[PDB]
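Scroll down for the structure; my scribbles are underneath it.
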Amino acid sequence: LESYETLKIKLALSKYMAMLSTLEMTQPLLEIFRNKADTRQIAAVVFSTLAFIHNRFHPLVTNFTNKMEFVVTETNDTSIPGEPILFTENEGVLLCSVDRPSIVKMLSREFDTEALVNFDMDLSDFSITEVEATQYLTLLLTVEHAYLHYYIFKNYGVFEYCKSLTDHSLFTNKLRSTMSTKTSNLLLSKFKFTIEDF
Amino acid sequence: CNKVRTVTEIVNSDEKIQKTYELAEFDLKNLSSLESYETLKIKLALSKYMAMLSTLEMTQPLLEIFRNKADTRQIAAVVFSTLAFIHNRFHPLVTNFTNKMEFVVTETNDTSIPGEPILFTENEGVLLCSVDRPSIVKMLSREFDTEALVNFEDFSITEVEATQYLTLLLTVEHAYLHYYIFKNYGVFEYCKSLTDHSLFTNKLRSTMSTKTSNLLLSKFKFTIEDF
Amino acid sequence: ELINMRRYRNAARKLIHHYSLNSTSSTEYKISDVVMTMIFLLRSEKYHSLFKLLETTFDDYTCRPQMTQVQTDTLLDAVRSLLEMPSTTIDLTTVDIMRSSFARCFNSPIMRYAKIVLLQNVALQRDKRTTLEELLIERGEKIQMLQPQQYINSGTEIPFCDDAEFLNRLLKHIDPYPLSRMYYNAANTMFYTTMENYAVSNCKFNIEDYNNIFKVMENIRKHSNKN
Amino acid sequence: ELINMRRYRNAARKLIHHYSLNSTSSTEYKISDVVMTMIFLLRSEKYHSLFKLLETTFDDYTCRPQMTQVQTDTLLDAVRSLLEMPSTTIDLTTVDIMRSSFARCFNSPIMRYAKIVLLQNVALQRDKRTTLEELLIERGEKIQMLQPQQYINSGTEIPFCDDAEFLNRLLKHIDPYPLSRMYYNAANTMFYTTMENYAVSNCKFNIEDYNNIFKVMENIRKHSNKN
Numbered sequence: 001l002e003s004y005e006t007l008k009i010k011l012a013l014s015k016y017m018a019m020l021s022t023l024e025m026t027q028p029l030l031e032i033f034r035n036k037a038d039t040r041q042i043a044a045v046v047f048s049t050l051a052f053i054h055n056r057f058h059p060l061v062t063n064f065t066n067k068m069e070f071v072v073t074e075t076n077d078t079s080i081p082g083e084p085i086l087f088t089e090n091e092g093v094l095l096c097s098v099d100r101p102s103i104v105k106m107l108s109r110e111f112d113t114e115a116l117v118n119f120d121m122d123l124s125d126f127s128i129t130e131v132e133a134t135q136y137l138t139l140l141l142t143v144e145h146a147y148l149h150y151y152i153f154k155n156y157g158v159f160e161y162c163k164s165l166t167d168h169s170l171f172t173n174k175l176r177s178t179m180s181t182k183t184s185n186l187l188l189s190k191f192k193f194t195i196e197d198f
Numbered sequence: 199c200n201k202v203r204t205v206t207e208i209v210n211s212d213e214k215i216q217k218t219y220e221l222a223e224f225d226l227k228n229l230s231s232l233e234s235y236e237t238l239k240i241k242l243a244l245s246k247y248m249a250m251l252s253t254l255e256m257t258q259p260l261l262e263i264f265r266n267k268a269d270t271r272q273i274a275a276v277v278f279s280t281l282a283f284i285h286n287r288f289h290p291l292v293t294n295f296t297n298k299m300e301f302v303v304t305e306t307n308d309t310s311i312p313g314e315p316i317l318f319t320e321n322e323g324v325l326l327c328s329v330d331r332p333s334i335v336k337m338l339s340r341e342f343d344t345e346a347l348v349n350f351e352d353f354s355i356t357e358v359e360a361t362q363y364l365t366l367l368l369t370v371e372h373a374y375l376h377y378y379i380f381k382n383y384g385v386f387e388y389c390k391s392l393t394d395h396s397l398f399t400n401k402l403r404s405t406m407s408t409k410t411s412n413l414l415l416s417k418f419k420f421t422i423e424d425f
Numbered sequence: 426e427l428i429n430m431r432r433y434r435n436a437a438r439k440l441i442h443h444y445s446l447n448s449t450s451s452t453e454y455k456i457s458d459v460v461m462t463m464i465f466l467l468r469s470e471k472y473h474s475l476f477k478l479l480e481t482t483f484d485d486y487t488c489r490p491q492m493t494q495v496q497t498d499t500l501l502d503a504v505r506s507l508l509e510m511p512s513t514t515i516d517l518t519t520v521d522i523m524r525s526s527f528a529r530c531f532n533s534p535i536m537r538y539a540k541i542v543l544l545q546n547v548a549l550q551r552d553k554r555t556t557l558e559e560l561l562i563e564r565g566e567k568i569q570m571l572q573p574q575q576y577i578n579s580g581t582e583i584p585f586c587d588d589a590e591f592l593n594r595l596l597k598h599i600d601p602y603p604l605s606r607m608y609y610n611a612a613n614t615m616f617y618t619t620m621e622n623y624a625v626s627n628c629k630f631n632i633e634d635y636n637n638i639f640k641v642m643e644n645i646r647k648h649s650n651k652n
Numbered sequence: 653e654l655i656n657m658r659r660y661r662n663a664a665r666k667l668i669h670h671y672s673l674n675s676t677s678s679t680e681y682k683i684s685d686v687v688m689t690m691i692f693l694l695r696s697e698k699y700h701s702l703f704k705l706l707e708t709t710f711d712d713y714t715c716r717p718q719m720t721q722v723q724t725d726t727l728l729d730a731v732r733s734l735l736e737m738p739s740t741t742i743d744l745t746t747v748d749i750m751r752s753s754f755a756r757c758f759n760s761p762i763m764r765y766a767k768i769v770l771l772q773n774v775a776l777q778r779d780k781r782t783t784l785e786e787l788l789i790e791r792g793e794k795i796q797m798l799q800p801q802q803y804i805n806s807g808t809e810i811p812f813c814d815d816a817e818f819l820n821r822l823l824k825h826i827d828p829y830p831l832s833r834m835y836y837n838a839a840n841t842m843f844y845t846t847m848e849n850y851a852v853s854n855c856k857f858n859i860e861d862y863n864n865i866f867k868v869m870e871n872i873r874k875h876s877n878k879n
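Chains as they are written, first to last, in the working numbering: chain Y, 1 to 198; chain A, 199 to 425; chain F, 426 to 652; chain E, 653 to 879.
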């Protein structure tokens with residue numbers, strides 16, 4: 001089961017990388033977000049990641065049933081402390097606002113590289129690095145948090161969506177494996193992880 | 199608390215990378231980012247300057263000190279001591295002025311220099327600290343307004359009184375920037391800074407040569423009303 | 426005698442013509458014309474009534490003065506005298522329209538020597554303990570202010586390089602890379618970013634409780650308690 | 653009389669306090685404000701000297717009144733009485749500044765919303781326009797001529813008050829003092845005095861850049877791309 005699920009997880013990560021390559025963005029991801037001037041590529045990444053999560057969660061529906069916009073903010077006053085992905089609906093169209101500085105902080109946080117757990121052919125090819133894979137995983141999980149909130153907003157009212165924004169205990173109402181919500185490893189159910197605070 | 203313990207677990211396995219941290223960074227960012235702390239720092243620097251002046255054997259208030267055209271000894275000492283204070287603030291390990299300085303205090307039009315009321319130069323190994331009395335007394339005679347226009351967007355001390363000391367502190371800040379630039383490099387560099395001030399991006403990085411320090415004006419950013 | 430009435434009256438004639446025929450024409454005239462007109466009007470006893478009438482037109486244009494018909498009759502006499510124009514097209518209504526034109530012209534801003542605009546940023550440090558929802562709403566009000574930029578609403582199928590060769594090369598290349606380390610790094614980065622944001626905003630964040638709710642509740646009720 | 657002596661006197665007081673570079677606070681101005689100021693100047697024979705100087709300056713600056721010492725002294729005493737400030741703080745420098753200010757204001761068409769322009773240009777010294785660098789070198793020559801007034805070799809160690817009680821009492825006394833307003837006043841005063849020096853010495857200066865370069869350069873290297 002671990003072998004099967006590890007294969008599935010790395011396959012999903014490969015699909016993630018492949019899609020974000022199909023976006024045809026000549027700028028590197030770290031430089032994608034470092035660039036304060038152009039929000040087009042960053043918002044394209046966010047939109048495509050929302051599409052990726054929506055279709056993996058709901059394979060049977062393909063075409064978008066919604067219209068979305070993006071507002072990119074680069075100041076302290078705007079930044080919500082914990083959810084840099086500001087996602088909401090305004091006047092019949094959803095808006096996914098983003099705090100760029102928080103993300104450029106995240107993807108530049110001295111990623112661990114050493115394995116502290118202590119336990120013709122080849123030539124030029126597609127080569128990746130641990131930092132890039134970790135950054136992609138963090139981005140995918142963050143946008144998954146955003147999509148969880150979007151699904152709560154759709155299945156409830158804005159009042160209940162805000163109360164979820166206050167509590168976050170409301171994720172567990174409907175996201176189970178069902179004929180409507182198609183199972184999915186969700187990219188974070190693969191591992192449990194708890195805190196050892198005093 | 200003293201510890202914040204972080205763990206990332208795993209399904210179907212028990213090994214964890216359990217890391218524990220401290221509140222030093224979180225609380226330090228909270229307090230330093232908090233504007234109350236920096237306001238306290240500014241008030242503390244100003245209080246130290248005021249205590250310095252009080253202990254300077256000066257019982258007469260500042261403007262009354264600068265009204266004395268006859269003796270410029272007090273004015274020269276005031277400028278000297280404020281230079282010493284700023285020198286302390288950049289480099290606490292040094293307190294005294296190792297070079298003997300001479301003040302040429304004037305009340306004429308020609309000696310007045312538009313932009314550096316206290317010019318500092320050197321003349322064959324002895325240091326020259328120009329004092330321009332007309333300009334500084336013009337500065338200290340502007341009757342600062344005191345009504346509540348905050349626009350947030352026991353002692354005989356008032357708003358406008360300490361305001362004059364703050365203005366003098368800013369003047370000495372500019373003068374000391376020029377003096378330090380002059381001492382680190384040649385006279386050409388000092389005069390070119392007097393004409394362009396571009397050397398502000400050369401040596402004043404937060405390093406061993408220059409260790410941070412507020413410079414006061416970093417507390418409040420200000421701009422022109424140009425078009 | 427010291428006052429040239431002729432030039433004052435000559436300029437006032439054009440000014441009153443423009444302002445009475447509702448020809449504002451700010452280009453034509455300056456403050457000098459207005460002040461010369463005002464001085465000439467105040468000069469003779471005849472136009473003291475008009476001067477009193479225009480007194481309250483300087484600032485309080487909502488207060489209608491209370492006057493009888495005889496006073497307005499004498500004022501009309503003065504208006505006909507000043508305009509030197511036949512009273513056929515002149516009446517009280519045109520006088521009031523000219524009054525409004527004068528009031529609007531008077532309240533025009535002129536010129537200033539500029540000012541060091543010290544408003545800028547303050548970083549908005551509350552200096553108190555702060556909640557969650559209050560911060561969320563107060564910040565979101567400024568979040569939704571303006572500037573919606575990105576317009577991607579068409580709705581399109583996600584592009585896929587469905588060929589497995591690209592997938593196979595990558596998937597073989599990812600074999601040496603563990604999942605535990607990557608997931609640890611991601612969780613730790615998220616924790617650091619959240620604590621940094623709470624430190625900057627000085628919000629009362631559950632020390633290690635809310636994100637713990639995230640983790641434990643999500644994982645457990647995914648694994649069991651499905652409902 | 654129909655003129656309110658108190659109202660117009662105070663309005664003229666404000667206008668002189670500002671246009672004569674003596675005050676700090678800025679109040680948004682309307683044309684009727686200046687009209688009332690000049691009317692009050694008219695009504696007072698004692699200030700008829702400034703009033704008639706304005707009258708002369710209405711048209712053009714091809715002429716300037718010729719006065720003896722007696723008229724100038726009486727005018728200066730009148731201005732001191734109007735300002736109700738220390739007497740010798742104004743002098744012919746302030747007189748000419750006020751004349752140039754009012755002359756510039758009276759000319760030029762009435763604008764929709766202010767002009768926000770300095771008055772250093774075409775204000776003093778109709779003679780020529782000399783380079784600033786040459787003035788710096790020449791005047792520095794005269795500065796470095798003769799009479800250095802103090803020989804302080806050893807240097808006195810800076811006095812420090814470690815008694816927190818006095819520091820805390822001073823801090824308590826600075827509790828009512830707002831940093832923002834005080835700093836705004838100080839910066840504005842320094843900038844205005846520097847502009848006065850630039851005007852008087854007739855050294856043309858980068859109004860929109862050089863001081864802006866000071867501010868921008870210092871802030872940027874204090875925060876961004878320090879390296």
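Every residue gets a Cβ at the ideal spot worked out from N, C-alpha and C, and that includes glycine.
Can you give the Cα-Cα distance for residue i and residue j, rounded to whole angstroms?
i              : j       : result
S675(E)        : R756(E) : 19 Å
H443(F)        : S450(F) : 7 Å
residue 215(Y) : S164(Y) : Look at the range of chain Y in this structure, 1 to 198, and you will see that residue 215(Y) is not part of it.
residue 369(F) : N55(Y)  : Since the displayed chain F opens at 426 and closes at 652, residue 369(F) lies outside it and no answer follows.
residue 676(F) : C855(E) : For residue 676(F) there is no data in the structure shown, the boundaries of chain F being 426 and 652.
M510(F)        : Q574(F) : 60 Å
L30(Y)         : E74(Y)  : 16 Å
residue 158(A) : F301(A) : Chain A is shown from 199 up to 425; residue 158(A) falls before or after that span and cannot be answered.
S245(A)        : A360(A) : 10 Å
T709(E)        : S684(E) : 19 Å
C327(A)        : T369(A) : 13 Å
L467(F)        : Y844(E) : 37 Å
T741(E)        : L728(E) : 10 Å
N66(Y)         : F159(Y) : 20 Å
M463(F)        : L475(F) : 10 Å
Comparing C-alpha positions only, which one of the options sits nearest to residue i?
i       : options                               : result
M337(A) : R265(A), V385(A), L221(A) and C199(A) : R265(A)
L787(E) : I311(A), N349(A) and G323(A)          : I311(A)
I865(E) : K409(A), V209(A), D424(A) and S396(A) : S396(A)
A624(F) : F353(A), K409(A) and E223(A)          : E223(A)
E220(A) : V202(A), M250(A), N228(A) and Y388(A) : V202(A)
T487(F) : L517(F), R505(F), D521(F) and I515(F) : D521(F)
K651(F) : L175(Y), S184(Y), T26(Y) and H149(Y)  : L175(Y)
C586(F) : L7(Y), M17(Y) and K8(Y)               : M17(Y)
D711(E) : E470(F), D498(F) and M461(F)          : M461(F)
Between residue i and the ligand FAD, is the CB less than 7 Å from at least one heavy atom?
i       : result
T172(Y) : The ligand FAD is not part of the structure shown, which contains no ligands of any sort.
Cβ pair count under 8 Å reaching 3, the stretch 189 to 198 of chain Y against the stretch 203 to 217 of chain A: With the cut-off at 8 Å, the stretch 189 to 198 of chain Y and the stretch 203 to 217 of chain A touch.
Under 8 Å (Cβ pairs) to chain E, residues found in the stretch 256 to 275 of chain A: From the stretch 256 to 275 of chain A, only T270, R271 and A274 have a Cβ closer than 8 Å to chain E.
The stretch 753 to 769 of chain E in contact with the stretch 534 to 544 of chain F per 3-pair CB rule at 8 Å: Enough Cβ pairs lie closer than 8 Å, so yes.
Residues, ordered as in the chain, of the stretch 487 to 512 of chain F that lie near chain E by beta-carbon distance below 8 Å: Cβ contacts with chain E come from no residue of the stretch 487 to 512 of chain F.
Near-chain E residues of the stretch 310 to 322 of chain A (beta-carbon distance less than 9 Å), N- to C-terminal order: Contact residues of the stretch 310 to 322 of chain A toward chain E are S310, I311, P312, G313, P315, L317, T319 and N321 (C-beta to C-beta distance below 9 Å).
Start-end ranges of the alpha helix (DSSP H) lying completely within the stretch 574 to 640 of chain F, minimum 4 residues: With a minimum length of 4 residues, the continuous alpha helix (DSSP H) runs that stay inside the stretch 574 to 640 of chain F are 589 to 598 and 605 to 626.
Contact the stretch 409 to 416 of chain A vs the stretch 869 to 878 of chain E: 3+ CB pairs below 8 Å: In short, these stretches touch, since the Cβ pair count reaches three.
Length at least 4, wholly inside the stretch 245 to 274 of chain A: the alpha helix (DSSP H) runs in chain order: Entirely contained in the stretch 245 to 274 of chain A, the alpha helix (DSSP H) runs reaching 4 residues are, in chain order, 260 to 265.
Chain F contacts from the stretch 237 to 257 of chain A (Cβ-Cβ distance under 8 Å): Residues are counted here when their Cβ sits less than 8 Å from a Cβ of chain F; for the stretch 237 to 257 of chain A the count is zero.
The stretch 817 to 828 of chain E contacting the stretch 343 to 360 of chain A, beta-carbon criterion three pairs below 8 Å: Between the stretch 817 to 828 of chain E and the stretch 343 to 360 of chain A there are three or more C-beta pairs closer than 8 Å, enough to call the two in contact.
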